[PDB]
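Asks: Chains as they are written, first to last, in my numbering: chain R, 7 to 113; chain P, 405 to 498; chain F, 405 to 498; chain B, 405 to 498.
I'd like to ask some things about the structure below.
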Amino acid sequence: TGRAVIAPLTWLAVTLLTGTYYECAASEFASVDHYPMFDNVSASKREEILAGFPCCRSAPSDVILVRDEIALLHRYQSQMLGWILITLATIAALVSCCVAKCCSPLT
Amino acid sequence: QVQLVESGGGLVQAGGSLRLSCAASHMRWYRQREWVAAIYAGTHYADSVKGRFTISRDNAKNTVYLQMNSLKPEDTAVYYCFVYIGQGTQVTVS
Amino acid sequence: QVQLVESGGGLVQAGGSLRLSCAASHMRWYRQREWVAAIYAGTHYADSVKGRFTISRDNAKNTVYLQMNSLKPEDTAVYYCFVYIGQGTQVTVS
Amino acid sequence: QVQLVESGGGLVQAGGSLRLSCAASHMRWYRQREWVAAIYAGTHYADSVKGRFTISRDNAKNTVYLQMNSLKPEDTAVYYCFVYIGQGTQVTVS
Numbered sequence: 007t008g009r010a011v012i013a014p015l016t017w018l019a020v021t022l023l024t025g026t027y028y029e030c031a032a033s034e035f036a037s038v039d040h041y042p043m044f045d046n047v048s049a050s051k052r053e054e055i056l057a058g059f060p061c062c063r064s065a066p067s068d069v070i071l072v073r074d075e076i077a078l079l080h081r082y083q084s085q086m087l088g089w090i091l092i093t094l095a096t097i098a099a100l101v102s103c104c105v106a107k108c109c110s111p112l113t
Numbered sequence: 405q406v407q408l409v410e411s412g413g414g415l416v417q418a419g420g421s422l423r424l425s426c427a428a429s430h431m432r433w434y435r436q437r438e439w440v441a442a443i444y445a446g447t448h449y450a451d452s453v454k455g456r457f458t459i460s461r462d463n464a465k466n467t468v469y470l471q472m473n474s475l476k477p478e479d480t481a482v483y484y485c486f487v488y489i490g491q492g493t494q495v496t497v498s
Numbered sequence: 405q406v407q408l409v410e411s412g413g414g415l416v417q418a419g420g421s422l423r424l425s426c427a428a429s430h431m432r433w434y435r436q437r438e439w440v441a442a443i444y445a446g447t448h449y450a451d452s453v454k455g456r457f458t459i460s461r462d463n464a465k466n467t468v469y470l471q472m473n474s475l476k477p478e479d480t481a482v483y484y485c486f487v488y489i490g491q492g493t494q495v496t497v498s
Numbered sequence: 405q406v407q408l409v410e411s412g413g414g415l416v417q418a419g420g421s422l423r424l425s426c427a428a429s430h431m432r433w434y435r436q437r438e439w440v441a442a443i444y445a446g447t448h449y450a451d452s453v454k455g456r457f458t459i460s461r462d463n464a465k466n467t468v469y470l471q472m473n474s475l476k477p478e479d480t481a482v483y484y485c486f487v488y489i490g491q492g493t494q495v496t497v498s
């Protein structure tokens, strides 16, 4: 399990720290209550533009302020989640090694 | 039961001022469809139209007034209102 | 039994406005053949012609009205209608 | 109980001078919203507006006077006051 764990933890840590994967994954789950620009009584176009602007839409129509703010929010959440994950992995590894030493009947 | 009608359009020469009125029985303005401006009295304008237009609304008359200054032939377009879509009125600049 | 005829053409000077009428006994407009615009009241325009033309249709008269503003000698062409192909009428700008 | 009203606006041609008055029953000025200038008699101005505007206030009348010299059509905007937000008055230059 030592090697079996060091193999993918690097992938998860690097991908979360870069943050692009997490951004493209959880873009559509962003909230719109904070931003008055996303009223959209239609309640269907708003979801589409929310899932659309992160990818390639560009199209500067002065909404790019909200795009940039929410992108920074998701990037920060991604990197903090990566730090939480690596800290938990290290703590689990140390605790597992200690438990292995304690539970080992051999000297 | 909610009906939106536009008024105050017509033909205005270069450098003129025009007033656009929408009657309502958060409002947004569009031109053709390109986004123009938004009201809530906090107000927001597009950069392509920034510094030229001013929007205000009064609850007593249930109408939104859009004051346009220094019109040019470049912004010759039909303007709609959005809260449902407004009918729109044609504005031409010669 | 479906026949499409065009009307409202002629010669118009620079900066003028012209109205194109097609009688029907989803519509598309073409000029020559280059794509122009489409109607359904949702409307679509080509970027080469964007901001100059407006299309509307009424079911009461079964005709589609194409309002053209600020014509130039560059768009001197024959315009067709497509739903079958329309006859087309020649429009010249001098 | 604190109310701010703006006065002294209107239409002024190129190169003219305009005086903006705000009545108070540290002050800051804004235009639309872009930051303009600040008073305390120590005074601060934005570089985009530096060397054109002068602000003074008197405690006897509880009003702040904003003296604008050499206006241009570029600064055609609505000016607000901030201490709470002022109502704002439209200034246009032709």
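Beta carbons: idealized from backbone N, C-alpha and C, even for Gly.
Which residues mark the beginning and the end of the alpha helix (DSSP H) in which residue 8 (chain R) is found?
Replies: Where residue 8 (chain R) is concerned, the enclosing alpha helix (DSSP H) stretches over 8 to 24.
Asks: Strictly by DSSP, which residues pair up with residue 449 (chain F)?
Replies: F:441.
Asks: In the DSSP output, which residue or residues are listed as bridge partners for residue 467 (chain F)?
Replies: In the DSSP output, where bridge partners are listed per residue, residue 467 (chain F) has F:427 and F:462.
Asks: I'd like to know whether the C-beta of residue 450 (chain P) is nearer than 9 Å to at least one C-beta of chain R.
Replies: It does: the Cβ of residue 450 (chain P) has a partner Cβ on chain R nearer than 9 Å.
Asks: What would DSSP say about residue 410 (chain B), mapped onto helix, strand or coil?
Replies: Here residue 410 (chain B) sits in strand by DSSP.
Asks: Just to confirm, are residue 487 (chain P) and residue 406 (chain P) a CB contact at a threshold of 9 Å?
Replies: Yes, the Cβ-Cβ distance between residue 487 (chain P) and residue 406 (chain P) is below 9 Å.
Asks: Tell me residue 484 (chain B)'s beta-bridge partners as DSSP assigns them.
Replies: Paired residues: B:434.
Asks: To which residues of the same chain is residue 430 (chain F) closer than 8 Å at the C-beta, ignoring the five residues directly before and after it?
Replies: Excluding sequence neighbours, residue 430 (chain F) sits near 442, 443, 444 and 487.
Asks: Grab the span of the beta strand (DSSP E) containing residue 495 (chain B) for me, first residue to last.
Replies: Counting along the chain, the beta strand (DSSP E) containing residue 495 (chain B) begins and ends at 493 to 497.
Asks: Between F:456, F:408 and F:439, which has its C-alpha nearest residue 420 (chain F)'s C-alpha?
Replies: Closest option to residue 420 (chain F), Cα to Cα, is F:456.
Asks: Determine the direct distance from the alpha carbon of residue 473 (chain P) to that of residue 479 (chain B), and round the result to whole angstroms.
Replies: If you take the alpha carbons of residue 479 (chain B) and residue 473 (chain P), they lie about 13 Å apart.
Asks: Just to confirm the assignment, what range does the alpha helix (DSSP H) spanning residue 102 (chain R) have?
Replies: Counting along the chain, the alpha helix (DSSP H) containing residue 102 (chain R) begins and ends at 70 to 109.
Asks: Cβ atoms of residue 458 (chain F) and residue 436 (chain P): under 9 Å apart, would you say?
Replies: Yes, Cβ-Cβ distance for residue 436 (chain P) and residue 458 (chain F) is below 9 Å.
Asks: Buried or exposed: residue 35 (chain R), going by 16 or more other Cβ atoms within 10 Å of its Cβ?
Replies: So residue 35 (chain R) counts as exposed.
Asks: Report the three-state DSSP secondary structure of residue 457 (chain P) (helix, strand or coil).
Replies: Note: residue 457 (chain P) maps to strand in three-state DSSP.
Asks: Which residues, in order along the segment 481 to 498 of chain P, keep a beta-carbon less than 8 Å from a beta-carbon of chain R?
Replies: Those residues of the segment 481 to 498 of chain P that come within reach of chain R (Cβ to Cβ, closer than 8 Å) are 487 and 488.
Asks: For the alpha helix (DSSP H) that residue 63 (chain R) lies in, which residues bound it at each end?
Replies: Segment: none, residue 63 (chain R) is in no alpha helix (DSSP H) and carries neither H nor E.
Asks: Just how far apart, CA to CA, sit residue 417 (chain F) and residue 424 (chain F)?
Replies: Going by the C-alpha atoms only, they are around 16 Å apart.
Asks: By the criterion of Cβ-Cβ separation under 8 Å, what are the contact partners of residue 444 (chain P) in chain R?
Replies: The contacting residues are 42.
Asks: Using a Cβ-Cβ cutoff of 9 Å, what residues of the segment 451 to 467 of chain P are near chain B? List them in chain order.
Replies: From the segment 451 to 467 of chain P, only 454, 455, 456 and 458 have a Cβ closer than 9 Å to chain B.
Asks: Please name the residue in F:429, F:409 and F:448 whose C-alpha comes closest to that of residue 460 (chain F).
Replies: The option with the nearest alpha carbon to residue 460 (chain F) is F:448.
Asks: When you check each C-beta in the segment 411 to 424 of chain P against every C-beta of chain B, which residues fall closer than 9 Å?
Replies: Result list: 419 and 421.
Asks: What is the rounded straight-line gap between the Cα of residue 95 (chain R) and the Cα of residue 13 (chain R)?
Replies: Cα to Cα, the separation comes out at about 12 Å.
Asks: Output the boundary residues of the alpha helix (DSSP H) element that contains residue 476 (chain P).
Replies: Careful: residue 476 (chain P) lies outside any alpha helix (DSSP H) and carries neither H nor E.
Asks: Roughly how far, in whole angstroms, is the beta-carbon of residue 475 (chain P) from the beta-carbon of residue 422 (chain P), given that I think they are within contact range, below 8 Å?
Replies: Yes, residue 475 (chain P) and residue 422 (chain P) are in contact; Cβ-Cβ is about 6 Å, under 8 Å.
Asks: Expressed to the nearest angstrom, what Euclidean distance is found between the alpha-carbon atoms of residue 450 (chain B) and residue 76 (chain R)?
Replies: Whole-angstrom Cα-Cα distance: 30 Å.
Asks: Contact defined as beta carbons within less than 8 Å: I believe residue 410 (chain P) pairs with residue 491 (chain P). What is the distance between those atoms, to the nearest angstrom?
Replies: Their Cβ separation, rounded to whole angstroms, is 6 Å, which keeps residue 410 (chain P) and residue 491 (chain P) in contact under 8 Å.
Asks: Residue 437 (chain B) and residue 484 (chain B) look like a contact to me (Cβ under 8 Å); what is the Cβ gap, rounded to whole Å?
Replies: Right, the Cβ-Cβ distance comes to about 7 Å (below 8 Å), so this counts as a contact.
Asks: Which residue from R:11, R:58, R:8 and R:23 puts its Cα closest to that of residue 82 (chain R)?
Replies: Out of R:11, R:58, R:8 and R:23, R:23 has the C-alpha closest to the C-alpha of residue 82 (chain R).
Asks: Any idea what DSSP makes of residue 56 (chain R), helix, strand or coil?
Replies: The answer is helix: DSSP assigns residue 56 (chain R) an H, G or I state.
Asks: Which residues in the same chain have their Cβ closer than 7 Å to the Cβ of residue 46 (chain R), if we skip the five residues on either side of it in sequence?
Replies: The answer, listed in chain order, is 52.
Asks: Which one of R:61, R:27 and R:67 has the shortest CA to CA distance from residue 454 (chain P)?
Replies: When each option's Cα is compared against that of residue 454 (chain P), the closest is R:67.
Asks: In whole angstroms, what separates the C-alpha of residue 70 (chain R) from that of residue 56 (chain R)?
Replies: Computed Cα separation, rounded: 12 Å.
Asks: Residue 47 (chain R) CB to nearest chain P CB: under 9 Å?
Replies: For residue 47 (chain R), the answer is yes, since a Cβ of chain P falls inside 9 Å of its Cβ.
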